[PDB]
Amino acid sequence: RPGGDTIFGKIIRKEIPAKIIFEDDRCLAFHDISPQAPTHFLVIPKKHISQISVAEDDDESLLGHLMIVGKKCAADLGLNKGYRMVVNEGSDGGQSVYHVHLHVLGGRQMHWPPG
């Protein structure tokens, strides 16, 4: 299926409700249901890629697109004091959904280390 089998595939296909921020032919941005900051959203590819470790060389511009859409959405949402973008890989990185996704967090001071 277009978008894959994960929960994020179902969001892409409008089978499960989500609070969409932005959508184009390549990606979808929506608020996280378990926010860790005052603003916390995800940007995901519509093409299913399970995790960043298996991304193809030809997936470069798509991955870049996630970050451009992320920074544009942060702007549109009024994160003028800044934000943090996170991609997690595998067990050690902390991945509960195996569909590549960019976390964007802001509206408070983010601390170091980033987990």
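When you see a residue number, it is the position in the sequence shown, counting from 1.
- For the segment pair 31-39 and 48-56, the entry gives 48-56 the higher mean B-factor, averaged over Cα atoms.
- The question of which stretch, 83-91 or 58-66, has the higher mean Cα B factor is settled in favour of 58-66.
- The PDB entry assigns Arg108 a C-alpha temperature factor belonging to the lowest third of its chain's modelled residues.
- When all modelled residues of the chain are sorted by CA temperature factor, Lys10 is found within the highest third.
- In the deposited entry, the Cα temperature factor of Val100 sits in the middle third of values across the chain's modelled residues.
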